[PDB]
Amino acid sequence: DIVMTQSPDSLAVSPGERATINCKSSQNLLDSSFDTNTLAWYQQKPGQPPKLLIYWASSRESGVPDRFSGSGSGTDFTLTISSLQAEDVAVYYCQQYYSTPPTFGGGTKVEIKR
């Protein structure tokens, strides 16, 4: 099966600062001969299920703030929160949707540094 690994498992930065989360896939997620990757990023708030943020590595779902951006292609991806806000504190997961069903990485808890 495909292995999805995120780094770090938890991180904290000051309000307004940039936060970066890494995700590695054991399998190259490029789709066929296209430039698109079957890699998505989700946000999970306490007691809630994960909700879609980004698909195809960098495309934002309608309604998602511009401070959320994804990069990478192949096996290594990155989710960046350019300026961390209070409402962004949550667990972020990368997800490969090449397989049926898709599978998530371990998730990365993002917090505000006191």
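Quick note: we count residues from 1 along the sequence shown, nothing fancier.
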Residue stretch of maximal mean CA temperature factor, 71 to 79 vs 36 to 44: 71 to 79
Of 19 to 27 and 90 to 98, the stretch whose C-alpha atoms average the higher B-factor in the entry: 19 to 27
Cα B factor band for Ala57 (lowest, middle or highest third within the chain): middle
Record-listed C-alpha B factor of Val110: chain third: lowest
